[PDB]
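In the form deposited in one PDB entry, a lone chain appears below as structure tokens.
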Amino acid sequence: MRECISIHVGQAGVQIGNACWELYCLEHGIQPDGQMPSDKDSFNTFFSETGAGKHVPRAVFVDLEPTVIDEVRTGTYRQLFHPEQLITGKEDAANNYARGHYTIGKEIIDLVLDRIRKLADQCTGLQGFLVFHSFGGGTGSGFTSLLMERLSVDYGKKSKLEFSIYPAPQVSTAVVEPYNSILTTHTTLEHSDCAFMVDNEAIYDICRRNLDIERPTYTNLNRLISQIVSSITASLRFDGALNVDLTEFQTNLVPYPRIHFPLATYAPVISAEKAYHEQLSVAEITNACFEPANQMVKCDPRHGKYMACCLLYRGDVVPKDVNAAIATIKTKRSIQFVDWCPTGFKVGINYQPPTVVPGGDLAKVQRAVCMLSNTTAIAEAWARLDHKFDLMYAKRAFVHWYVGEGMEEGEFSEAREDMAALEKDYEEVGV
């Protein structure tokens, strides 16, 4: 096989992980105790097989406090996971990157790596790692950047992909999240081959506007995210021709290592109360991918230039209808590619429709699409963060919490200058 190990760090990473694994099981026909009735496999990339016929996720869940993981330990999927792969400390990083990276984080890092090694040692051909975490939390930001550093040493040739939760004020828990976001991005940039940022604001708005949820909660946000993450990983878990391994994600979506932040767009997002909605054609859902309101990150692709664009269809989609829809997009729309990239779209079709979790907010649909594109408009996301960082950092607000936890003040400037170079990297591509 070509196995993938998922690592879920901090509350966000863990809660989103719980939602994904729930979906993966429903998609592959695996029960919550790991058993799967006699079916035939490509799901082995994500699940190991025990001798007793049990299918165990190739996953690690780590947090510095036990609350969130304890829910996992006692929940519906309590028997699914390897119990030794749910690791917890006693005391968290208090929304402080320095605590997760330098002080508290160092008390559990060797244990986490020895547990990752136990999973790695059960693999025939380990492709690499999928890492889920928040930018804003102390564990999500600090422990992840510690972990990614250690993984680069121990698994140098392996690929590392991230799913990152970018902060939104409506659901932010800390004033210092801009700081944590920048400090983790600076230290993880060289260790990550491809990073899918999920903007909590984007998902919050899709929930309010498309799903009619007055005040979305993490339960709502995470079920919509898990649906988008499943569409991104489906290629790794099923037979297919586009993005069939982790290396192919970088080839197809990352022309230059530093600008490794693809934008994901997903359609249709229809409310479960609209069961009898008229089914949307390929043309309609492909068009919907170029509307800013369906994006996982708030930004305007019409203000940027495209470097790569992948369309991942699931369901009742005839390839000829895709070609005709792309044809209209190239002629009609003002979608500008950079001059040095073949002005083209890579297309993958998986012919089973998406699955919806019972308890979810989404309607069953006959066809859906996830578009992954590397556009320079995503630099608006960094600019917004960099501005908040700059406002607090000019007056050194909250810096003492960080230097008091084993960090040099100089690290704020090195990280900020790396972010200035990242913003320029996008300027130099897209003008």
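In this text, rigid core is short for the largest set of C-alphas that superpose within 1.5 Å between two forms. Only residues modelled in both forms are compared. Throughout, we count residues from 1 along the sequence that is shown.
The same protein has a further form, the form deposited in another entry, not shown here; the description that follows concerns it.
Fit the rigid core and compare the CA positions between this form and the one not shown: of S145, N95, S226, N243, just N243 moves by 2 angstroms or more.
Core-superposed comparison between this form and the one not shown: CA of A293 displaced by less than 2 Å. After superposing the rigid core, the Cα of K274 is displaced by 2 Å or more between this form and the one not shown. Closer approach of the C-alpha atoms of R314 and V244, by 3 angstroms or more, is seen in the other entry than in the present form. The distance between the CA atoms of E162 and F249 is at least 3 Å longer in the other entry than in the form shown here.
Once the two forms are aligned on their core, the segments of at least three consecutive shared residues with Cα displacements of 2 Å or more between this form and the one not shown fall at 38-40, 240-250, 272-275.
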